[PDB]
Structures are given as structure tokens and as C-alpha cells.
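>>> Structure for the following, please:
(chains A, B, C, D, E, F and G, ligands or ions: 2)
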Amino acid sequence: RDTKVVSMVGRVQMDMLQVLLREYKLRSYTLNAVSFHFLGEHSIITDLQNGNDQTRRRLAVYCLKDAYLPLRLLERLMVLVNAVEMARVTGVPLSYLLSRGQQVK
Amino acid sequence: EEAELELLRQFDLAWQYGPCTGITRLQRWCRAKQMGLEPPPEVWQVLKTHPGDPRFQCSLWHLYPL
Amino acid sequence: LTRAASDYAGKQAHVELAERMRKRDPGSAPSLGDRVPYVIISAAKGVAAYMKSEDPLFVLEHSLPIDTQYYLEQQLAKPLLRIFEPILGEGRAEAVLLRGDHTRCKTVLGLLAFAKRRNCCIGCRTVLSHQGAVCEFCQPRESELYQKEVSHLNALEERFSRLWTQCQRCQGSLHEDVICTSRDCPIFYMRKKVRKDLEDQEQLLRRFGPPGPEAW
Amino acid sequence: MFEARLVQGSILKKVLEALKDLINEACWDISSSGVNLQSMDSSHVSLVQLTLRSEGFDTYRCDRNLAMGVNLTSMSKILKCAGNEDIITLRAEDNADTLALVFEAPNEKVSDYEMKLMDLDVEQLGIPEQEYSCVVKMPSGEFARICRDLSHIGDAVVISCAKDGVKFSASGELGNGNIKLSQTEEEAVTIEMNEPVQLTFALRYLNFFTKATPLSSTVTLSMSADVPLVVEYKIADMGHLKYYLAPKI
Amino acid sequence: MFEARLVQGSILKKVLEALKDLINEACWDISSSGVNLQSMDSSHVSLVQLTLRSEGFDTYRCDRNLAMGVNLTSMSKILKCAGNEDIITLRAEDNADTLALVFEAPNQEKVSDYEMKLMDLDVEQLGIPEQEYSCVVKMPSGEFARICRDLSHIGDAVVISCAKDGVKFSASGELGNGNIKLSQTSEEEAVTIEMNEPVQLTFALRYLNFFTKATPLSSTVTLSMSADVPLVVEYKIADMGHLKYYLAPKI
DNA sequence: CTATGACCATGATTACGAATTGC
DNA sequence: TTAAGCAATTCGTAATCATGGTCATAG
Ligand code: SF4
Ligand SMILES: [Zn+2]
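Numbers count the residues shown, from 1 in each chain, chains lettered A, B, ... in the order given. Ligands and ions are numbered 1, 2, ... in the order given. Pasting the structure now:
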């Protein structure tokens, strides 16, 4: 896999897509497909934004539901608790469990 | 033209005339007039100075498999 | 879609679909490491199953047919012959290939546009001049042939309504339009074909007259 | 019950050798007006339409409108077990799926075959009647040789109908050539023209269409703007046989 | 500007039908003497000399000593699209590297006008010797083809013995030995073995089958041989000129 | 007009290269 | 600068060989 990285010193990044793609072997890796598998659920947007303000309010409620789903997945799947326990049993930092393999440990 | 194509796109998304993506444009204009909500007399006066063109007499998403 | 050189070494179907861009979007296409979905359409290039593959949304919007013989002999048949043989002999291969044989004889499907203006008899499939539904030899048995197929229209009506109101509950609102073309939902494109089944089955029953007036 | 009797079985054998290569399955619409058939080819390109009128059968009897499903290969194998002078009768029930053919020699020998039919779920299509504007009536042998001779060069052919005559041109890797024909009984080439025509058609279909040459002496070609070219033959006091092919765009 | 006509034009079909199985190409030398063709074979055993005088034609205009090259079998496939009663006409421009063939009909109603493109040629060319041929035989062509094909089902190569009283066509094969004897017959069906000194030679019978491809091409066939030299079979193209096939002998 | 020969293709079978799972 | 390892069953895809069928020629 080929990824870009962006530098942030002090702060930690956890894209949930990379955690799914590393741990789980599934059939489709779309947000809709993993939200059905675990929970149970472009050109139109350009005219919901060039319209009125209740259309923009509908667009904002959609965007907030999108931004809320990975939090629920992070706390429900016990991701972060297992990452902290892995870093305490192996002795490697918390950024190495998203970038490296099984040799550094 | 190019100013008449934004008036119709503005009539098509105003929520006080109805939830209209299954029907024509002039049918929704007459539906609101029957109930008399407040149809404006300009979205009528461009649907009369044209023939049966599919980019005036059709809803915004009359493509789009929804 | 793995590393590009191993897929350079020998021609595959998904690699051919991915590397063939679209006219609409040369900026959204599969990259290295993801999964490409496809279906196999019917054509006459039998040397290559990598020449018959298409995107599911493209065969949705452009309505290409499906190769039922490909799916019958290449996808289905051999796993079934793995499973069903060890309980019986080789008369079990003949039993499932004969259970195919009683059921293989029922198939449904430039110049092709210049058709219509008449329809075939509902009873015995004989093309003829005029619009009446029944044939002159099978004219007597008509109450039974109307009885038959209105229990089909009745079951298509019941399937339209269970689907197009499920989108209203998955969307949240009961007063505004549905916009969800989610390609991973079975709901999408199963709600699209029942409109056409109903469109076709409603027009077949107007061959028969109306059951009464309507301008009174 | 259906029962027909016809004295010239040769007409039946010529019509069955018209079609055994282009078509594999068909449905016969037996009526009280004759024996009529429509079909598309296997490639879904061309249309056949065959009419044997009710009078020309010299002993006709049909009770009820039938529809028979015939595999044309087995029938073409059966109708070559009958010499060119025999008298052919067809016998069918209105409750059965099996046809009887009896061949009567004109001298001590009579033969009778039974053939199992099949039920098929085909759809029947047709044509609307419009006035094609270029009307050619030409000898069939010349048309057969012209198509067969242009065939070795390339695969398309352009038909060019002008005032005095028609002109067929064809190209290919070993060059190109045309053949003219001009206005000048059945060896004549009668040419009616209102608007001139130039169109392109592929040769494999035309070399299929010229398989039924022993049915008549002349052949009628009808053209118009952007419509499928019509090739028409007549069978003497029996009916006709038409092929239909669409032009390239 | 080359423009020539031939009314009894079946002879061109007849020569190129007996040309295309031998060789794949030809060096067409158009001179004011007419149409000529010297060309080797492909196996380096044989040769074709076609000579067509102008006085064997009908209507003639030659302004150039043209020296062109024809791929033979495609030209034969084009020549298969015209009948034998049909008039053959050739047209050629000295700048436009193509051949324009015009097939007229005897009833003139079917007109054909075909065009074959040109390809370049640098073909080898050797001269035949002129000498004394110790045996010249005039024979019917059909009987000659019949005899050598009757020998083709015995073996592969033929031995010939040419002498005064009879001529001896012998061969071996996988079924044993055989030979047929001929003699003079005391205008087309007459034979003559003109002989000075008797000889024996070896030749290839398969090249005799190749040479008898011109069986309908003349009144009579001529067979000219001498010691250790190319056999020349002659088909006298009637009123036109002649076609001579050379076969270099065997050892 | 038939019979024989040649060519051409088409179909089937076998052998090799590739996604996923068993360790 | 960083990467967990190999054994495969198995089926698909491609290539090669065989077999017949059709067309054209020649008698
Ligand atoms: S199509 Fe499927 S996913 Fe989309 S709104 Fe309807 S039920 Fe939900
Ligand atoms: Zn009926």
C-alpha cells in the first residue's frame, strides 16, 4: 500500500480506514459497507449549495453524520484500548503501530 | 437565456411549493396555484414563450437514477 | 488490484477494467491495493473473458445484457458437482444435470428498432395482425387467461410499495425526496426494476378492454 | 386437424434450402389464409418473411389456427429423402406436437415420416409498408456472380443507383472495382428511380441472401433513404419470399 | 501511355492459371514488340519466357519500354472475376504505378474496371542458350498431360529415352517399374518425333505436372530436348506468340 | 455434377500462473 | 528507509492439437 503522510508534531493520527485495511479481511471497504457490516445502515451537492439555506442546512446535517460515524466505530470496536495494551506489552511507541510491521516489536 | 435557467432552478428547490422530483414543472406550478400557496407569475411566463424543450419543461434531476 | 508488473505478465479481467478509464472521469479510478468490482456481459468473443467485463454502475445506466451461460457453466456448476457427488454416485451428476435439463428448456431474453405495432397471442404465441390479446382458436378460454396474470400484477403491486417506502425510513424524512444511489445497498437498483416490471405488466392487461367507464 | 397436399414438392425443397443456414429454429403460423412465417436470423441483423398463400395448395384443409415449433435442420434432412418429382402432403393434429409428411411418387413407392416438434417462446416481429424509391428488377444469376466476385476483394459493397442504371462498387487490399448496369424480357434490368441512392452493406449477408436462386429467374431490389434494403422474390401463384437488411451508418 | 486490347481474351486467364502455381511474381517487360516475360522459378530449376507480339493483338498504343512487376496470385484472383468470352483491356500510365484492367462484355452490358497496385522488383535475369535440340516432339497436349499424370501415380521422377522408332517414358516407384512407349503416327492430333541421335535423360515428373498446367493453351505441345540441357516445352499461343517453359536438367 | 482433396476454423483438453487460505 | 515467514489447493486462462466440415477444383 502507498500512502501520503502529513507532518504534525505532538499530535497523533488514526485514520480508521488503515486500521480496517490492516486488521480485517472483508469484501468491500466503503464506509457504507463497513457500517452495515458492523452497525446496520458529487454533482447533486453542487446544486444543494447553489440554492437556498435549508438545502445548505440539509447538507450540514449530512456532513455531521458522516463526521460522527468513525468515532462510534473507534469506541465500539475497542480500537484504542487494544492499541494502548499492545504498546504496553511490546514496548514500542503509539505511532509505530500504524506504520510498521512485526519486526520492530 | 442563462438568466432564465437560474429562475427555474430556484423555483425547483423552494420548499413551500412541494416535494417535486417525480413530475413535470408546469404540473407543480398548477398544483400550487390550485391550493394557491403563492406561485409567482414569472415561472409561468417562461414556460409559455418556449416549445417542448427538455431543459425548460423538466425537473432538475430528471436524469439521475433516483 | 495488486502490483502492476505481475498483472503486466498476464491478461486479467479486473486489470483490463481498471486500466480502461472512463470518458466521464479520468480522476477517479482504482489504484494499487484496492478491490475492483465487475460483472460479465454477453458477447461473441469466446477466446477472452477479459473482453466482456464492465462496471456495475455503467451496466446500470447503459443497460447491457448478462451472459447467463457464463454464470451457469463457469460460476455455478462445478462447486455443485464438488458438493453433491460424494453422497451418491455419478447418477447424481446426471441427476443435477437432468434437473437442469427439465429446467434448461425455459429461457427468457439495427433492424431491432423497427419492431412493435402488433403483439403475439397470450395463449399460444402466434404473431398476428390486430391488437386483440386472444387468438381465434384460443378465444373460448379467455376468462381463465385473464384470471392468469392478474395474480401476477397483484404481486408486483405488493413489491413496489414495500420497497419505495423503505427508503423513506432509511432516509429519515417522510416529506422530502430520496437521494441515495448507494452501490452497496441492495435497495438501490432493486427499486429500479420493479417500476419497469409494473410498466410492462400494466400495459399487457390493457389489451383486454376497460372494466367500465370513467367519464360519468 | 390440418392437412395440406401440394403437387410440386420441388418448391418446398427450394424454400427449405433457402433457410437452413441462416436460421436454426422457427414457428409456423398455420392459419386459414395460408402458411406464413416471420423470423430474425441468429445474428439479430436480418429479417425473413415467407408467404405461401392458401389457394396454391391443391388440397387444403385447416380447422383451427395453429402454431408449430420446428427445428429446421432435422426438417431439411427429412426433405432430402424425397425426389424432385414427388407429391407432398402434410398431416397434423390439433392436439399433438408431431408432424407427418407423406411423399407420393408419380409412378409403386410411397414414404411417410413423423417428426417431433418443440415448444418455443419466440416473439414475432414484422414490417410497415412504405414506398421505396429505387426499384430494380434484375437477373438473379448476375446478382449472384456480382456479389460472389466482389466478395474476394473486401467485405462491404456500395450500391449507387443513378438515372440510366445502377453501379456497384467494392474495395479491398487487392484494389477496387465497380460494375455498371443500364436501362435498355427477364434478362433486362428494369430501373425505376425518383431519388438517387448510395448506400453500404456487408457481403456475408448478401451471400446468404443469394442462396435461394433456383426459386425464380429475376430478383427485385428496393432501396430508399436510410431504410433496410429489401430483397424480394416471387413464387409462381404460391406467394413470396423477402429478406431485410439494415444499412451501415 | 500503354493501352491494349484483346478480344479472344480467355488466353490471359489461361496463362496466369498456369503461372501462379509455379511462381509468386513476374517481371513484365512491355516493349514495342509487345508483352514479354522472362522469369526464373522459385526452386532454381526452371524458367518461363512468355512472348506476345503486337501483331497478335487488336488495338495497340505503346509509348514506353515499361518494366514492371506483378504479384501473380492476386492478379489471378482478380482475373477469376471475368468470363472467357469477355474482352480484356489493359491501361497503364508511366507515372501512376497501377494497372487498370477493363473487362468488356460480348453483349457489352456488364462493364468491369479493376485496379491492382504495383510493387518494386529487382529480379535476377539470365539468358537462355541457343543450340541444337536432338529430339523435338510434336504431341497433343491433352494426351501428354494424361500420360504424365498416369505416371504420377507410380513414382516421382521420370527417365526419358529418345530414339528413332519409339520414345520411352520410364519410371520406378514403390510398386515397381513401368514404362510407356510411343511412336510417330503415319494437324493437332498428329505426333512427330524428329530425331538425329538417341539420348537418355532424367527429369522431374512433378515439374511436368507443373508444365502441363498449360494443357488448354495451344493446338499442340512441343517437347524439345538435347544432351544435359534445359528441356523446353512449347505452347504456341495461337496467332499471338508463344510460351516456353525451360527446365534445367537433373544429375 | 459428383467426388476428392485441402484449408480453415473451432472446440476441447492440458499445462501454467495467480487470489486466498492453512500452517 | 522499511517488510513477518512458506505450502498450496484450485481454478482460470491461454495455447496447441485434433477433428471434422465446407468449398473449390478437376474429371
Ligand atoms: S436505496 Fe437502499 S441504502 Fe439507499 S435509502 Fe433506499 S434502502 Fe437506504
Ligand atoms: Zn392463440
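>>> Tell me the first helix or strand C-terminal of the helix or strand that contains residue A:54.
Under the criterion of DSSP states H and E, residue A:54 resides in helix A:53-76. The helix or strand immediately downstream of helix A:53-76 is helix A:79-90, counting by DSSP H and E.
>>> mind listing the helices for chain C?
Taking DSSP state H, the helices of chain C run over residues C:13-19, C:56-62, C:68-70, C:77-84, C:91-101, C:143-164, C:166-171, C:187-190, C:193-204.
>>> Of these, which is nearest residue D:143?
Across the helices of chain C, the minimum distance to residue D:143, taken as CB to CB, is reached by helix C:68-70, at 38.2 Å. All C-beta spots, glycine's among them, are computed from the backbone N, C-alpha and C.
>>> Which of the residues in that closest one are classified as buried?
Across helix C:68-70, burial judged by 16 or more other CB atoms under 10 Å in any protein chain shown covers residue C:70.
>>> Distance-wise, check the residue nearest to the spatial centre of chain A relative to DNA strand F.
Centroid-nearest residue in chain A, with CA atoms, centre = their mean: residue A:16, separated by 2.6 Å. Residue A:16 sits 21 Å away from DNA strand F, going by CB to the nearest atom of the strand, to the nearest Å.
>>> got a list of what that residue touches?
For residue A:16, the contact set (CB atoms under 8 Å, 6 or more residues apart in numbering or on different chains) comprises A:70, A:73-74, A:79.
>>> Residue D:115 against residue D:96, yeah?
No - look at residue D:115 against residue D:96 with CB atoms under 8 Å: they stay out of range, at 11.4 Å.
>>> And the two? Which one has more around it.
When residue D:115 and residue D:96 are compared for neighbours, residue D:115 comes out ahead with 15 against 11, by other CB atoms under 10 Å in any protein chain shown.
>>> Leaving aside the residues adjacent along the chain, what's closest to the more buried one?
Nearest residue to residue D:115 in three dimensions, chain neighbours excluded: residue D:99, at 5.2 Å (CB to CB, 6 or more residues apart in numbering or on different chains).
>>> Specify the local secondary structure of the one you found.
On the three-state scheme (DSSP: H, G, I helix; E, B strand; the rest coil), residue D:99 is labelled strand.
>>> show me what contacts the residue lying closest to residue D:83 once chain neighbours are set aside?
Nearest in space to residue D:83, with sequence neighbours left out and distances taken as CB to CB, 6+ apart, is residue D:105 at 7.2 Å. Neighbouring residues of residue D:105 by CB under 8 Å, 6+ apart: D:83, D:85-87.
>>> what packs against the helix holding residue A:54?
helix A:16-23, helix A:31-38, helix A:45-49 (3 or more CB pairs under 8 Å, 6 or more residues apart in numbering or on different chains; DSSP states H and E).
>>> The first one vs helix A:79-90, what angle?
Computed with axes from the mean of the first three to the mean of the last three CA atoms, to 10 degrees, the direction of helix A:16-23 lies at 50 degrees from that of helix A:79-90.
>>> Is DNA strand G within reach of helix A:16-23?
No - for helix A:16-23 and DNA strand G, the contact criterion (CB under 7 Å from any atom of the strand) is not met; the two come no nearer than 8.3 Å.
>>> between that helix and helix A:53-76, how many degrees?
Going by the same axes, to 10 degrees, helix A:16-23 is angled at 40 degrees with respect to helix A:53-76.
>>> Helix A:16-23 to helix A:31-38, inter-axis angle?
Orientation of helix A:16-23 against helix A:31-38 (the same axes, to 10 degrees) gives an angle of 60 degrees.
>>> Make CSV from the helices and strands packed on helix A:53-76 and add distance to ligand 2 to it.
Shown next, in CSV, are these (distance: least, CB to the ion, whole Å):
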stretch, distance to ligand 2
helix A:16-23, 60
helix A:31-38, 49
helix A:45-49, 53
